[PDB]
Amino acid sequence: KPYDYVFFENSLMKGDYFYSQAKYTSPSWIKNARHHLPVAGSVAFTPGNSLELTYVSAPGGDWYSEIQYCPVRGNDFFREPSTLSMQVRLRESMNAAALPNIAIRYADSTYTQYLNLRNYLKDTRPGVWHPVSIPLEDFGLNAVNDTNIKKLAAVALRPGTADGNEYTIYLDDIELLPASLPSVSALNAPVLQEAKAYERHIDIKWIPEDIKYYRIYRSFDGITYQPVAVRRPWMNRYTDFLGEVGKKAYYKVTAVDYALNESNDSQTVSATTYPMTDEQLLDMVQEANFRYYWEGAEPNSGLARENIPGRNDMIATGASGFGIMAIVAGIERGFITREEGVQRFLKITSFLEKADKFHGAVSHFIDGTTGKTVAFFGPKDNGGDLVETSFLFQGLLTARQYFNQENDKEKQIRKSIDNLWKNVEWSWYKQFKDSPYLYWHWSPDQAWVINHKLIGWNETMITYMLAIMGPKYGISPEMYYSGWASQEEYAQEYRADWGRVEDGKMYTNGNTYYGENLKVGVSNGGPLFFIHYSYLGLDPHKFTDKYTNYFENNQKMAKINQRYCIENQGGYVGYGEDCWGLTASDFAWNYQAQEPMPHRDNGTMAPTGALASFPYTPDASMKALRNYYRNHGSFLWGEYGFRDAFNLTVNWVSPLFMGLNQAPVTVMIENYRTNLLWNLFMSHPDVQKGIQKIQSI
Ligand SMILES: [Ca+2]
């Protein structure tokens with residue numbers, strides 16, 4: 001599906017808008033918070049909010065503003081646009097010439113020509129939203145399409161007439177649209193299924209034609225409704241964070257087409273928030289994250305999307321393994337029935353049967369509609385990803401132990417998984433017969449070009465575990481020491497290269513951080529997801545190598561991370577006992593692999609850090625959960641659990657939910673609660689054998 005290339009719809013944060021700039025040279029002025037545009041929460045075309053553009057264009061002064069396109073992982077396919085559409089509202093009547101000049105800033109920081117905004121404003125009456133359409137043509141833009149649209153970095157704004165007066169205009173729904181607006185033959189209300197209240201929020205969900213968005217209406221009395229949110233068609237769900245307990249709200253949803261016609265109302269649903277215990281909070285968090293892998297699954301495969309909003313069709317195989325485990329948990333927790341689960345797993349297993357194999361391994365990314373590998377990370381990564389394969393198969397072997405009933409469907413699930421599992425040629429990923437290491441990747445056409453050795457401490461322990469547990473194409477248990485825990489010079493250098501410290505370059509570490517002596521681990525543990533991914537199924541309580549027991553050591557990493565965060569050397573806003581777990585996520589412009597280390601901390605906290613650490617640091621993780629939900633939920637709690645990351649220091653929250661990050665929360669919560677996934681995985685015969693073999697060295 002194509003996205004609209006949107007510069008602004010709504011700020012997920014209050015106050016100011018991360019993806020904007022506003023600056024000035026006195027005697028001119030533009031209102032800004034840390035050179036970001038203010039977010040007006042009291043006026044909006046698409047509810048939530050709009051951007052406030054309050055300025056003084058004074059003779060001899062200047063101001064500049066821009067609204068920056070927010071890149072989102074996998075947001076690569078867009079409608080071919082012809083127009084820059086905005087909604088513009090003037091607070092006061094004004095000379096139209098005092099309105100801003102407008103341009104588009106390219107990715108290289110050159111600009112289009114500036115146009116007077118007055119020329120696209122039929123009506124300059126204040127206190128009403130005016131649709132504006134600027135043909136891209138008028139900026140002197142040639143044909144815009146997927147190959148070049150991302151060079152349209154920002155909508156730039158400059159003074160009109162320097163008349164020296166203060167004007168406030170509001171800008172909303174700044175986006176590129178096609179010349180021909182998508183239309184719909186009929187514009188029907190979605191079926192609004194229910195409202196589900198929790199403590200601070202109500203979740204509504206509906207079932208759906210190329211509409212623009214759903215508009216959500218809320219009433220506190222059932223009589224008068226106000227528009228509270230919009231949801232794009234890729235989200236059939238809305239999370240209304242009331243922030244208030246015992247609060248009744250009624251909800252009504254309409255569908256809006258690109259012409260901004262509105263369907264009739266859905267049925268009205270209501271719910272009332274109520275106080276929640278920690279148990280209820282765990283349930284809710286597990287459930288919301290589960291949604292990502294259930295209703296949020298790529299529908300053909302049943303598997304986990306890399307991210308939402310992201311590629312519609314691309315599944316991530318590692319995240320899918322995590323999600324598989326989230327789904328098993330979700331069945332046990334009664335979020336879905338076993339039969340629903342079974343149906344999903346029949347689809348999952350049939351799809352994985354058909355997916356491209358690379359010596360039995362899977363690629364990182366697969367197109368869920370075709371089974372074909374997607375070279376999402378570049379043309380070299382177009383074949384097997386053994387680590388992702390291991391994450392997938394950690395999930396599948398867990399599922400295989402779960403679906404143990406003697407019926408034809410669970411038999412088929414089991415059959416399929418056993419065969420998929422047996423046929424992962426782990427040994428192939430040695431590259432050489434005598435390689436001390438597994439390799440991360442193998443390309444069908446470029447062979448070992450990426451050439452990344454699997455060297456711990458990092459996230460890849462389960463890759464070695466599963467490689468060694470593989471019943472047909474297993475590798476020697478010695479590979480755990482020669483590869484994963486390699487003492488070679490090269491492996492030492494590899495560790496120090498990413499770690500930027502010498503600590504843990506010997507696999508073993510032995511240094512103390514925040515009073516915790518870390519037996520194993522690069523630096524003070526690396527991104528905290530290192531103690532999650534390989535330990536969703538592999539029970540770290542039940543694996544001990546010659547250096548350490550892993551629950552003990554992993555738990556130290558969690559505590560170290562929390563203690564770093566409490567200490568908060570960086571002075572980052574909101575870090576503390578209830579806000580910790582530095583780990584990898586997308587941030588504003590790029591991926592970052594954050595750690596409890598100054599050079600890998602910039603104020604960005606991914607909730608998955610603390611939350612998937614539950615089994616290790618339950619109280620600390622429960623504190624995080626409570627904080628994230630009750631204090632930060634207005635921006636941080638969403639339809640698929642917590643947003644991927646947030647940075648209170650720069651006033652940013654992630655626009656996405658990440659396949660990698662949501663399931664660990666469900667799964668590790670579950671392992672803390674019942675040991676479910678651990679017990680499942682650890683009961684697998686091949687798993688037991690491999691562990692025995694490794695521990696007997
Ligand atoms: Ca808006």
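Atoms considered below: every heavy atom in the structure, side chains included; atoms not considered: hydrogens, waters and symmetry mates. Nothing fancy with the numbering, it's 1 onward along the sequence.
- Atom CD1 of residue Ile315 and atom OH of residue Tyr293 lie 12.0 Å apart, to the nearest 0.5 angstrom.
- To the nearest 0.5 Å, atom CG of residue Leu625 and atom NZ of residue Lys623 are 12.5 Å apart.
- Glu52 pairs in a salt bridge (charged side-chain N to carboxylate O under 4.0 Å, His left out) with only one of the listed residues (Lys31, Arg91, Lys14), which is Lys31.
- In summary, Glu639 and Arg291 do not engage in a salt bridge, as defined by a charged side-chain N under 4.0 Å from a carboxylate O.
- The backbone N or O of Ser85 sits nowhere less than 3.5 Å from a side-chain atom of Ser133 that would complete a donor-acceptor pair.
- Counting non-hydrogen atoms of neighbouring residues, nucleotides and ligands closer than 6.0 angstrom, the CG atom of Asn590 exceeds 12 such neighbours.
- Checking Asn165 against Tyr167 by side-chain atom types alone, a donor-acceptor pair falls below 3.5 Å.
- The distance from atom CE of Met658 to atom CG of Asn307, rounded to the nearest 0.5 Å, is 5.5 Å.
- Among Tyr628, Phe18, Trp637, the one residue that satisfies the ring pair (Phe, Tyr, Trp, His ring centres under 6.0 Å) test with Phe646 is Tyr628.
- The aromatic rings of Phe241 and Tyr629 lie perpendicular to each other, with more than 60° between the two planes, well past the 30° mark.
- Between the side chains of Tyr111 and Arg158, not a single donor N or O lies within less than 3.5 Å of an accepting N or O.
- Ring geometry, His632 versus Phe635: the interplanar angle falls from 30° to 60°, so the pair is classed tilted.
- The side chain to side chain donor-acceptor pair (under 3.5 Å) contacts involving residues 17-30 comprise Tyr19-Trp652, where partners must be two or more places apart or lie in separate chains.
- A donor-acceptor pair under 3.5 Å is absent between the side-chain atoms of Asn289 and the main chain of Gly641, judged by distance alone.
- Looking at residues two or more places apart in sequence or on another chain, you find a salt bridge (charged side-chain N to carboxylate O under 4.0 Å, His left out) between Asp16 and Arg34.
- Looking at every heavy atom in both residues, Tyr3 comes nearest to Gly310 through OH-O, 2.5 Å.
- No side-chain donor from either of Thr273 and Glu244 sits under 3.5 Å from a side-chain acceptor of the other.
- Residues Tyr640 and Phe642 keep their aromatic ring centres 6.0 Å or farther apart.
- Shortest non-hydrogen contact noted between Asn627 and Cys579 is ND2-CB, 3.7 Å.
- Defined by atom type and a distance below 3.5 Å, a donor-acceptor pair is missing between the side-chain atoms of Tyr170 and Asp172.
- Minimum interatomic distance between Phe139 and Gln113 (heavy atoms only, all atoms of both residues): CD2-O, 3.5 Å.
- Remark: the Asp173 side chain and the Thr46 side chain contain an N/O donor-acceptor pair separated by less than 3.5 Å.
- Contact detail for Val374 and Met314: the closest heavy-atom pair is CG1-SD, 3.7 Å.
- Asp4 places no side-chain N or O within 3.5 Å of a backbone atom of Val6 that could act as its donor or acceptor partner.
- No donor-acceptor pair under 3.5 Å is formed between the side chain of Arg600 and the backbone N or O of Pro527.
- Atoms CG and OG, on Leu51 and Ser11 in that order, are 7.0 Å from each other to the nearest 0.5 Å.
- Applying the salt bridge (charged side-chain N to carboxylate O under 4.0 Å, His left out) definition to pairs two or more places apart or across chains, those involving residues 92-121 are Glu66-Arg105.
- Without hydrogens or angle criteria, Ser219 side chain to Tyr250 main chain gives no donor-acceptor distance under 3.5 Å.
- The closest side-chain heavy-atom distance from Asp586 to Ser654 is not below 4.5 Å.
- For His35 (side chain) and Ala22 (main-chain N/O), a donor-acceptor pair under 3.5 Å exists by modelled atom type.
- For the 3.5 Å distance criterion, the side chains of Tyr217 and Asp265 fail to qualify, holding no donor opposite an acceptor.
- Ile174 is listed as a side-chain neighbour of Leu84, based on a closest heavy-atom distance under 4.5 Å.
- Between atom CG of residue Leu121 and atom CD1 of residue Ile169 there is a gap of 8.5 Å, rounded to the nearest 0.5 Å.
- Side chains of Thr239 and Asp203: a donor-acceptor N/O pair is present below 3.5 angstrom, by distance only.
- By the 6.0 Å and 45° rule, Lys247 stacks over the aromatic ring of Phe220.
- If you look at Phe657 and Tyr292, their ring centroids are not closer than 6.0 Å.
- Few gaps surround CD on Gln569; more than 12 heavy atoms of other groups in view lie less than 6.0 Å from it.
- Side-chain atoms of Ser266 come within 3.5 Å of backbone atoms of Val253 as a donor-acceptor pair (strictly under, hydrogens ignored).
- Of all non-hydrogen atoms in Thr254 and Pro190, the two that sit nearest each other are C-CD, 4.1 Å.
- For the pair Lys212 and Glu175, the salt-bridge criterion is met [side-chain N within less than 4.0 Å of a carboxylate O].
- Between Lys1 and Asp210 there is no salt bridge, since none of the side-chain N atoms of the basic residue sits less than 4.0 Å from a carboxylate O of the acidic one.
- Remark: the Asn602 side chain and the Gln592 side chain contain an N/O donor-acceptor pair separated by less than 3.5 Å.
- To the nearest 0.5 Å, atoms OH (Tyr258) and CG (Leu177) are separated by 7.0 Å.
- Checked by atom type and distance alone, the side chain of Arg231 never pairs as donor or acceptor with a backbone atom of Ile216 at under 3.5 Å.
- Heavy-atom contacts from other residues, nucleotides or ligands closer than 6.0 Å to NZ of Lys151 number 12 or fewer.
- Side-chain contact check for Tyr572 and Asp601: no donor-acceptor pair (N or O, by modelled atom type) lies under 3.5 Å.
- At least one donor-acceptor pair under 3.5 Å links the side chain of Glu209 to the backbone N or O of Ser185.
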